[PDB]
Structure formats: structure tokens, C-alpha cells
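Some notes on the structure that comes next.
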Amino acid sequence: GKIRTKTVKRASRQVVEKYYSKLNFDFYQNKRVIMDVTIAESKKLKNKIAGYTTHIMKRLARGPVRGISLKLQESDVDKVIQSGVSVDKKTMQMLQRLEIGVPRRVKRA
Amino acid sequence: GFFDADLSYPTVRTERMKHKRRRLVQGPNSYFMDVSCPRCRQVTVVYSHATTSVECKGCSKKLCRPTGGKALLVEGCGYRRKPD
Amino acid sequence: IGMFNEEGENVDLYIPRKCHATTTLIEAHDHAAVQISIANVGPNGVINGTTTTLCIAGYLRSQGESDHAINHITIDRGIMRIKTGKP
Amino acid sequence: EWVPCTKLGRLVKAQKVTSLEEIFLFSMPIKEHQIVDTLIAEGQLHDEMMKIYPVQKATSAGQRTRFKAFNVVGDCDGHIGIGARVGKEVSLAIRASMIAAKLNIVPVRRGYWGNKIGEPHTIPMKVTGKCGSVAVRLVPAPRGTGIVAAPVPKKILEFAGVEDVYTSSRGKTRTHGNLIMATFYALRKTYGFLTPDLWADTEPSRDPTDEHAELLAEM
Amino acid sequence: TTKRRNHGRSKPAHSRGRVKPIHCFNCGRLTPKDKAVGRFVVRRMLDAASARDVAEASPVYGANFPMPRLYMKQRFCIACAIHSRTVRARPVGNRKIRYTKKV
Amino acid sequence: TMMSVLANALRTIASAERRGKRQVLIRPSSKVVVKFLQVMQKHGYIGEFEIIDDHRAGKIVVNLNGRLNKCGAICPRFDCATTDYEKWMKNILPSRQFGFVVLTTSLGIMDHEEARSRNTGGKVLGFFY
Amino acid sequence: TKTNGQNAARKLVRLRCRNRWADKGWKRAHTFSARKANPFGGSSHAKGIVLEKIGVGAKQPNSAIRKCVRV
Amino acid sequence: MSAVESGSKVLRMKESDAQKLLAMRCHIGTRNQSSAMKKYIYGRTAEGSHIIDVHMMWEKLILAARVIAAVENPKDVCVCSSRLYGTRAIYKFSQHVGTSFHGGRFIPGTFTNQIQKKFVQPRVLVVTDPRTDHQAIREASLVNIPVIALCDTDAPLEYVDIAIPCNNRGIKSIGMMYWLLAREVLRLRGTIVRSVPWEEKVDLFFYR
Amino acid sequence: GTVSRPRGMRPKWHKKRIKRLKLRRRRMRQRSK
RNA sequence: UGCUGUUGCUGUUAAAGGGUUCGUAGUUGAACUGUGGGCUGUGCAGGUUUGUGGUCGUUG
RNA sequence: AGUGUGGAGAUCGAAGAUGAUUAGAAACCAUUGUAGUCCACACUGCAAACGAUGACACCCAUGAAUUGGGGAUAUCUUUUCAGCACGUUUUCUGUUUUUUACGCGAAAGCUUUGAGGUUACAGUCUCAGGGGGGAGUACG
Ligand SMILES: [Mg+2]
Ligand SMILES: [Mg+2]
Ligand SMILES: [Mg+2]
Ligand SMILES: [Mg+2]
Ligand SMILES: [Mg+2]
Ligand SMILES: [Mg+2]
Ligand SMILES: [Mg+2]
Ligand SMILES: [Mg+2]
Ligand SMILES: [Mg+2]
Ligand SMILES: [Mg+2]
Ligand SMILES: [Mg+2]
Ligand SMILES: [Mg+2]
Ligand SMILES: [Mg+2]
Ligand SMILES: [Mg+2]
Ligand SMILES: [Mg+2]
Ligand SMILES: [Mg+2]
Ligand SMILES: [Mg+2]
Ligand SMILES: [Mg+2]
Ligand SMILES: [Mg+2]
């Protein structure tokens, strides 16, 4: 199985948030970028982070992604009054019992 | 709404739904009607919940037929509810 | 208010609040009893500096009857109007 | 060092709330045990470990043994607190129970038997407290009676500050975990009982969090 | 330690005294009709593969006239209902949920 | 079959006070029930109550301020001498500072403090506090 | 539950009298069957002649020879 | 709470609030009924939709506004909405009134777990729906927080202190009710003038 | 296993044993009578 | 030892509601015959009478 | 279930038999099979005769229902047990219930159908229990 552990996923999300502009859909350029903006004794992890980072970049192009902020790229009532409300029989009956009386711009449908 | 009920003075809405023995003061559900026979127009006082073979003196025509509850007046009969 | 000595000391530690709906003493451990302050409004729509505050016991807020209790209290206080005026 | 975590804690450290009665008045939960330490005068708060017993949970390899500790905290002047907490070691349980007991401190009302001369010495009225099957009934007693109770409730009532009381415990009173809590629950009921001396209307007052809301905001 | 409020049957405490027993569909064990697990079964006379061949060879049956099906009211004792997987043991919270229509 | 009208009435009031109701309907009514209610009303544990006539055993609607913790009847009506007041206060009242025992004396229905001041015994009807 | 009537004293007396025999200590204290079965006959001590020394083994899980005599 | 000490009539419905309530269908009640909310229901029409009494709805809204307006530090009142349709409404409401807001899932322990960062202690809690905001209401019961709610006809009113009867479903209704509440809170404060209509439009309150 | 411990043999069969024993004593006394 | 319980026990599952009715003794048993009246002094609550910031027609 | 006397005996079936299966199997399984099962009359009166919850009476929160009888006022059938019957909405009395409020409980759980309204212990009557066995035995 090739499930990415939470350590890989969390680092990938942090890389995407901080360096979104420097990333594209190519693994190899993304891997080169990540090796400069990441300190990690394991090259296997950095390769996995680059793989999941370019996966997130693909997903971001296809709409939003949960866990990624990117906070660089992150009256109709008057119209209805003019056209009338057309309240129900019982609703109209309630209005007739009010102190203000039946409001204008309403009908019995 | 906003009108909390008073037990001494119930609302006509709630009190009207009470069973006759569950009202604040119990009372009858029945009444009397003066019924005009469909043959002679003689006025006869008929109980609303009559159960015993009401006959109009004269024609001897059955004015009402007993039912489980209120009596059923004969067809084409003139009745008016009497006061009290 | 509270217990009093023969000489006249107040003796009691404190005087607990009483629920404005059921007059029950509001204990120090219920944690569901609330205080609601309603702003007083002058002749103009703006609010004054004073407020009207009512205390509701926790158990009433558990039974779901706190809304009904507040309605009754607010009506008695002359803050809320039972029925709409005549048309 | 204490860095307050709640609005009540900040108000107490800033000395805006100076008495435990203010917290009890508005039923504010106490979530930091340093609040009770600062509000109660030094040398006036006493604690005792009433009961420590082990509890075991069966496992695939033997069983896991932990310790439940009961601690009583009181000033002997109308404030009583009971805490129970389970720890892996006895020392952990005892320290946690002391913290728990402070967090659960409640006021207990004291009354008179007959003549109301001097400071109150007994409970105001007959109250019962029930936990599990153990129920503890506290009955007012005249002066000089002492605490006529079992040693466990007697210790609790001494910490609460009562002097004279008749007690009767029903149920399996040897279950001291329930016996301690039943006595504590009986003491809480003293201030919840509406006596004729408390019928009069009281003017409402603002809670300290509302009163000093602006000071709390500038934090 | 009452396992079920209804004691595993549809007989409240003041409705009836006795329900006439029925034989289990499989084993024949006599169980009260209310307690026995009752499933109404509408089973096809033939499976789809074989019904295709028979409908092919039948002037009567085809795309317009459907073939007959078997209708059986099957009542099982508790043991036979469990063993045949008609019902299974359930978590305590899930024991309460009930069904009124065949889903 | 209802055996004690007073016990039924006091049970109904105590239930309403426990639930925090504002009013409670009592049925049937009696002279003893009304006398008991007037004693509680005298000491301020209940508000105004209204007796409704229905040409039978009437009904009573009692307004309840939340001051009544518990009221109850004592059955049978045990005889109580003037020396037995302290025994009954000990047995049924929460404290010596508040609460009342209601007696049926030859001088009428009254609380135990009033009966003690009049130097009269009687039969215990109930209690409230 | 129990009777509570004002003139129900006879019922309560009979009920308590009938149910006291359910108490083993009370029944033993008011019946002679235990007294007749008691070798001392209700006495605190008794004098006897030693017949034989015997060794009564202790019940499990104890293990010993309890030195006893027949009297 | 239209009634005031002066006996004035400034805090009353003005035939314009009624038009806004009617236009956004703020008086339709899920066809279901609750005993707690039976008092607020005027009647049931054909197709079985319960009609909310507009007088009672306005009176409770004014009462809720007067409760909110009494909070000196507006950050001490939190508006919550687990439902999606209320997220923009409580966002716009907060930016106009000054309250704290929280949409989406309510984290269990937000009001009771002190040692966590993001632990908050609001003095007043207002929720869009008691049924879907049951966690926020349940936690508020442990920490002495009174609750204001936009309750529908079938609404659990257990710990709700101020119930506002409205249509807490639908984009238009939720936006309109918060718009009315924000306008009334500003009017009670005095930040705006009651004589002039409010310039902010309800469209900003509408979800998406 | 719808029941708790019988605690010393099924009580039904113990009752049966006691019943047979009662009948045996009855017949013995009848022989002597 | 509230494990004999009148005060004061328990009875779904721990010991314990009789299979169901009826039923004598026995126990218990629904309301009602009923506010005393004025007079005076003294301290309290609200049916209306002159006068004296609100709603309301236009002083009301 | 059992007993007595008559009847009945289709089905199933204690005892019994036989065939299997077993170390053994006097059982489970198969084929049988007597008493019984069914009816009448007369005995018996011991059940997990259970809601393991005595009877009568009062208060008691919520939502869907359900059976029977009545009040009031959308749909279907309508040449005779028919001025019908059902059905809609609301109400009501009485019944068997269900889902989810206090309160109670050792808990499981109960909850207007209490196991609630009880140490803040009293509506009325009645039956039963007082560690386990011996023992529901011995004797009468
Ligand atoms: Mg029946
Ligand atoms: Mg049966
Ligand atoms: Mg079943
Ligand atoms: Mg099993
Ligand atoms: Mg089992
Ligand atoms: Mg058992
Ligand atoms: Mg016992
Ligand atoms: Mg048993
Ligand atoms: Mg029974
Ligand atoms: Mg008599
Ligand atoms: Mg009488
Ligand atoms: Mg037979
Ligand atoms: Mg036979
Ligand atoms: Mg023969
Ligand atoms: Mg055969
Ligand atoms: Mg038996
Ligand atoms: Mg039984
Ligand atoms: Mg029926
Ligand atoms: Mg129920």
C-alpha cells in the first residue's frame, strides 16, 4: 500500500500554503523546490512530500481543498415588495387582526 | 399566545372542548326543541336525546327515531331549539 | 433578609438569588441558572443606561419551560405586550 | 506560576473578586483551584485524605490497579469541598483529589436550635443527602450536643463548620465513597431550602464578569 | 434482568392471556403466533436464467404475460429464524428499531 | 374510593408546588379543606383562593406563591395533648424555627403555635412548611 | 404496606405477633427446642467426666490436629 | 418587547417590517408542531403549514434585541450556525453589530474545556436553530450562558431562554431575520437613525 | 441458559426424589400400620 | 438492629402479591345545617371624586 | 398433565419396540407404538396460573398512532338489513399500547399503563417475607 502518513500530508499542506506560487503540476520541479524550503534527514519523505504536494496542486486547480487556507486567493426584498406578496387566506386573516392593519402590497392569491 | 390560562376563568375555546362532566361546573349537553309534525303542523316539544318513541298526539306519527346519541327527526320536519 | 442573630448580626454567609418564575433559591452548583439583562428604552428608540434583569433557575431551563416563564415575567414587568392593539 | 485561564480566574487574580460568596451568588463554576487558594485566607483552609482504596480493571495479562482518593477541604466556617480522583499512583491520586476538592467547594448554611444567641452552631433544618443507597440525614441539635455521627460524616461536618447535629445513615454505609458524597450532598441542600427568612425580594446585581467586562476585554 | 420490554412477543400485559401456537416452518416447534417470526415470501417459480428458457418455449408466457410466483406466509421459531439468518442478534441500542414494511 | 378529602387536597397542593405551578384546582372541597387553606393563607404560604359552587362538593382554585415547600395530611387524626406539641414538632417539622402543625381543637382549626397559646389540645390534621 | 386505621389495633397486634416467629433469634429465645437440644440445658458452664482424648482434624484450608476430649 | 417605560410606540412594527417578513416567507412552520411552540402559532393553513403569529414574532425579536443591546462588550455575545444557510447571515450580523461568530461544526468543549486554545466564554449565545445547534446549547447550560434562538414550529426549546418564532430554514428567511435583528440592535444602540431606512441590504446576508 | 444457579442439582429432579422418598415412607408405615 | 419497622422495613429481577372472583366477621368510609352585625380609636389593601413625560383625536 | 365412567380414536404421541449414531446411548435423528390427545359427566385444584409488578381512589409533561361509542363540520360509492356506509379535520369518554419530562431506583430499568408524587417517611384495605440450607422434609 502507498498510503501517505499524516507527517507527509501535514508537511505537504504546509509547503503548499507557504509556497503556492512556486509550485506547479510537475513532480520534479516541485521536488527541487521542496528540497530548498524543507529540512529533513530523509530523502524518501521529501520525495513523498513532493508527490503529495503536486497532487494537492492538481486538486486546487479543480476547486477548493480542505486543510489548505491560501488566505492570497481566499435588496431582493424590495423587488418582492414591488411585485406583491400574495399571502394565504389564514395569513391575511391574521393581518386583519393587527394593530397596523393589513400592510400594502399583499393580496389573497 | 402570551395569555396564560386561569383555572377559575377558562377561555371559551378550551372550555368548549371539555367533556360535560369535566367542565369547571358540570352541565347538560341536551336541550328541547318544539317540533312541527309533517302532517298537522302541531307543535310538539321533543328532547334532543330522546330515546322512547316520540309520537305526535293526533296523527300519531313518529317524530323522531332513537339513536346512540341525539335523536333523528323524521324527514321534512320543522324544529327550532327552545331557550334555556 | 436572611437569618438574624438575637443581637442583630446577619449571620448568613450570603443571600442566594431567587428565580423570578418559581421563587426557588438558586444554588451555587446548578450552573444552568442564568441572569438575563434587558435594556431599558427611553421615549426615543435609544436605550438608557439602566437595565431590567431577571434570574431563571437551572431546572426550569432543563424542563424547556424557561421561554414560557420569561414571557410571563416580561409581560408582568410591562416590557412585553400580550396582544396587538386594535386595528 | 499561575496564569489564569478563565474570566473568573483573571478577575480573582486582579482582586476584582475578593470573596467566595460573590462566586457562589452567581453560581459561577470554579475551574481553577488557585481561585479558592487566593480567596481563602492563608492558614484557614484545611484538607484531609478521608479514604484511599485501590480499584482494579481486569486485563488480558493480569489486572490493572489504580487508586481512588477522597479529599475533604474546608475552612471550618461554612465552606466545604469534597474531591475524588483516580490515579495510577497513590501520590498522583492524592494531589488530584486535593485539586478536585477545592474545585467543588460549596457554602453550607448554619442555623440555630431554639434561641438565636451567638454565632450559628447547627444546620437550619432537617436535610438528607443520598448517593447510591447511602443516605445521610442531618437533624438540628441543641448546643453542647456535638456531632453525633459516624467518624466519616463527623470529620466532614467538622470541616464544614457545624458544631451540633443529629445524624442517621441508612443503606450500606460501609461504602464510604457513597457515604462521603451523601454527607456532602446533605450539606449543599442547606442553602437551597427556602425558609421564611428568605421570602423577601432582593434587588438584582450584576455578575462580576458583566461588571468588569471591559477590563477582561483588555487582556 | 428483563432483556425486552415486550418479552419477545406482541402481547401486552392486559390485552390477552393466550395466543394459539403455530408450528415452525422448518422444525415444527410450537410457538405462539405473536412471538414467532413471520415473513411473507413472494418467491419466483423459476430463476431468471431458467425462466428465460421456459418463456421462450411457452406460447402462453412472454414479455406480456408474467409467470406465476409462489406466495407463502412463513412463521419461524426463534431458533430456526436465527439459524436461517432471518434475524440476527443486535447491539442493545439497535434492538429497539422496528420495521413495518418489507424493505 | 376516596377516603380523606383533606389528604387528597393537601396531596394535590404539594404536587403543584413541587412542579412549580401557579394555580391548582382542588376537588372535592370541604369545610375542613377551606379551614386548612385559610390557616396556610394566614401565615402567607398560599395566596388568594376561590371556592366555586356547583351544587355539590365544590371546587377550589388556589393561587400559589412558591413559598410552600410541602403540605400534607396526617392520618389518622392522632389525639394531641398540650404536652405533645413538642413531640409532633420534632417528628414532622423540618425545624423549630418555621413550619406549622394544624390541629382540630374544640376552639376550631388552628396552627400548633396558636393552639399552644390558647392552652388547648386536639387532633392533628396535617402540616405545612 | 400495612393497615393504618384509627381502630385497627387488633390487626396490628396480630400481625406483629404472627411475624415475630420469622426471627430466628426471637423464635429460639421463646421456644424450648433449642433448650432441650442444648447439652448444658441453658447453663453457662457444666461439669463432666473426661472419657477419651480425641484428635479432630481442622477443616480446609487449615491443616492441624485440634486436641479435643470427649466429655 | 414593544412596551417601554415611557409608554411610547417607537418599538412597534411599522407595516414595513411586516412586508419584509411576508416577502421572505418568515411565517411558515415546517408543517410540524411542538407543544413549546404551540403558543406562537396563529393557525394552520391548507397544505398544513403552520402560520406564525407576526405580533408575537416581532415582540420576541424586540426582546432579543434589547437583551443583545445590553451587552456593553459586543464580543461577549456569540452567534452560531451549524446550518449552511446561516453562515453569511451570522457573518454579516457580526460585522455590523460587533459580536463574535462561529459557523459550521461546533467543537465539543468550546465553552467547557478551559485548557484548550479556542476556549471562549460568551455571555450571551444566539443560535440559528436549536435542533442543529444542540451542542452549543447543551454546553451553554453548563456555564451559565443564556440562549437566544431562531426557533421554528418544531423546535426543541429545552435550554432556550428567548425563542424567536421564525422560518429558520431557507436562505431568504434566515438572512432577513438576522438583518432585522442587526438593524434593531443598531437602532437601540443609536448608531443609526430609526427615521431613515437602513442602507445595508439583505442580499449581503443571503447565503451565497 | 435462561436461569441462574440451581446450586446443588436441578430442583425439579430433587423434588421428584423427595416425592418418591415420601411414597416409600408412606408404604412402609402402611405395612406397619 | 429502620434485621419485627405504630413512629419506622421490604415484596419486577435479591426472600416475599394469593391463579381468579365472591365474601362474612374486621378495618375504612363523599359533601351539606356554620363568615355574626354595626360604633369608636389605631395601623393596612383598592371600587371614584375635585385638582394635577406619555399614548390619542386633532384640549384632546 | 393426571384419575373415574361412557364415547371417540383421523393426526400426533409418555411407556415400549426396532433401525441408526456412540467407548458406552436405556437420548437427541428415522419407522413405529400403548396410555393419552377429541366429546359428555364427575374428580383433581400442584403452572414461569408472569406484567415474576394485590385491590380501590387522587395528581401527573410530550408526539405519533390504535379499538369501541358519541359532538361539530374534504373525498368515494350510492338500487336495498340504506334518510346508507366509509372516509377528512377537530373534540370527547372508555380500552390495549408505542417514541421521546420530572421524579424514582443498587442498577437493569419504570414513568398519566409508575417501580413517581416516601427519612420533607401517614388516602384505605389486604396477602406475603426476615442469611443459605435441612425442607415445603418429619410428625399430627
Ligand atoms: Mg381487555
Ligand atoms: Mg397464559
Ligand atoms: Mg417476536
Ligand atoms: Mg444465554
Ligand atoms: Mg441470562
Ligand atoms: Mg434468582
Ligand atoms: Mg430487610
Ligand atoms: Mg424472588
Ligand atoms: Mg398476581
Ligand atoms: Mg362505622
Ligand atoms: Mg365525612
Ligand atoms: Mg386433559
Ligand atoms: Mg379420560
Ligand atoms: Mg366397563
Ligand atoms: Mg407417526
Ligand atoms: Mg404455588
Ligand atoms: Mg407470582
Ligand atoms: Mg373495543
Ligand atoms: Mg408513557
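We use all heavy atoms of the structure for the numbers below, so side chains are in, but hydrogens, waters and symmetry mates are not. First the proteins, then the strands, lettered A, B, ... as listed; each starts at 1.
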Open item on the list: Looking only at side-chain N and O atoms, does H:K38 offer a donor or acceptor that is under 3.5 Å from a partner on H:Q33?
Closed with: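 On atom types as modelled, these side chains qualify, holding a pair under 3.5 Å.
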From the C1'-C2'-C3'-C4' angle alone, say whether [N] leans north (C3'-endo side) or south (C2'-endo side).
| N | result |
| --- | --- |
| K:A35 | north |
| K:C104 | north |
| J:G23 | north |

Please determine whether [M] and [N] constitute a Watson-Crick or G-U wobble pair, defined by two donor-acceptor distances each under 3.5 Å.
| N | M | result |
| --- | --- | --- |
| K:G16 | K:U62 | no |
| K:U100 | K:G4 | no |
| K:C56 | K:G123 | yes |

Taking [M] as the reference, what is the distance to [N] when you measure between their [atom1] atoms (whole Å, please)?
| N | M | atom1 | value |
| --- | --- | --- | --- |
| K:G54 | K:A128 | P | 15 Å |
| K:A108 | K:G123 | P | 29 Å |
| K:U11 | K:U67 | P | 43 Å |
| K:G9 | K:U37 | P | 15 Å |
| K:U93 | K:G69 | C1' | 8 Å |
| K:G13 | K:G36 | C1' | 8 Å |
| K:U75 | K:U80 | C1' | 24 Å |
| K:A10 | K:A26 | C1' | 32 Å |

Stacking status for step [N]-[M] (5.5 Å, 30° cutoffs):
| N | M | value |
| --- | --- | --- |
| K:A72 | K:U73 | yes |
| K:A101 | K:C102 | yes |
| J:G17 | J:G18 | no |

List, one per line, each side-chain donor-acceptor pair under 3.5 Å for residues 23-30 of chain G, sequence neighbours excluded.
from: G:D23; atom 1: OD1; to: G:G25; atom 2: N; distance (Å): 2.9
from: G:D23; atom 1: OD1; to: G:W26; atom 2: N; distance (Å): 2.5
from: G:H30; atom 1: ND1; to: G:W26; atom 2: O; distance (Å): 2.7

Task: Nearest heavy-atom neighbours spanning H:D154 and H:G29 - done: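 Nearest heavy atoms, H:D154 then H:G29: OD1-O, 4.4 Å.
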Regarding [X], tell me which of base, sugar-phosphate or nothing describes its non-hydrogen contacts under 4.0 Å with the strands shown.
| X | result |
| --- | --- |
| G:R18 | sugar-phosphate |
| G:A9 | nothing |
| F:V32 | nothing |
| F:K70 | base |
| G:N7 | sugar-phosphate |
| D:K172 | nothing |
| F:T1 | base |

I'd like to compare against my own output: the B/S/- annotation of [range] with a strict under-4.0 Å heavy-atom distance to protein.
| range | value |
| --- | --- |
| nucleotides 61-75 of chain K | -SS------SSS--- |
| nucleotides 95-100 of chain K | -SSSS- |
| nucleotides 85-92 of chain K | ------SS |

Open item on the list: Reading RNA chain K from 5' onward, which residue's closest nucleotide shows up sooner: F:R27 or F:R11?
Closed with: F:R27
Do [X] and [N] have a side chain to base donor-acceptor pair shorter than 3.5 Å?
| X | N | result |
| --- | --- | --- |
| E:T2 | K:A52 | no |
| G:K2 | J:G5 | no |
| G:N19 | K:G130 | yes |

Open item on the list: Both atom distances under 3.5 Å, Watson-Crick or G-U wobble: I'd like the secondary structure of RNA chain J as a dot-bracket string, with | for pairs made across strands.
Closed with: .|......|||||...|...........................................
Open item on the list: The criterion is salt bridge (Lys or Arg N to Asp or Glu O under 4.0 Å); which residues satisfy it with G:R10, sequence neighbours excluded?
Closed with: none
Task: Members of residues 20-29 of chain G that approach RNA chain J, where some heavy atom sits under 4.0 Å away - done: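 By residue number: G:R20, G:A22, G:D23.
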- [ ] Could you please name the partner base of K:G45, counting Watson-Crick and G-U wobble pairs only when both distances are under 3.5 Å?
- [x] none
Show me the side-chain donor-acceptor pairs of residues 11-18 of chain F shorter than 3.5 Å, one per line, residues at least two apart or across chains.
from: F:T12; atom 1: OG1; to: F:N8; atom 2: O; distance (Å): 2.7
from: F:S15; atom 1: OG; to: F:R11; atom 2: O; distance (Å): 3.1

Open item on the list: Among residues at least two apart in sequence or on other chains, which ones pass ring pair (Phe, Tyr, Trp, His ring centres under 6.0 Å) with F:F128?
Closed with: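 Only F:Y45, F:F100 meet the ring pair (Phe, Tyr, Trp, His ring centres under 6.0 Å) criterion with F:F128.
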Got a list of side-chain donor-acceptor pairs under 3.5 Å for residues 26-34 of chain F, not counting sequence neighbours?
none

Open item on the list: What I'd like to find out is whether the side chain of D:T190 reaches to under 4.5 Å of the side chain of D:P124, using heavy atoms alone.
Closed with: yes
For nucleotides 103-106 of chain K, tabulate all protein N/O to nucleotide N/O atom pairs closer than 3.5 Å, reporting atom names and distance.
from: K:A106; atom 1: OP2; to: D:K130; atom 2: NZ; distance (Å): 3.0

Task: E:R9 CZ - K:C50 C1' separation (whole Å) - done: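 In whole Å, K:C50 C1' and E:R9 CZ are 10 Å from each other.
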TODO: Give me the residues of residues 11-23 of chain I where at least one heavy atom lies under 4.0 Å from an atom of RNA chain K, by number, or none.
DONE: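 Those residues are I:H14, I:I18, I:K22.
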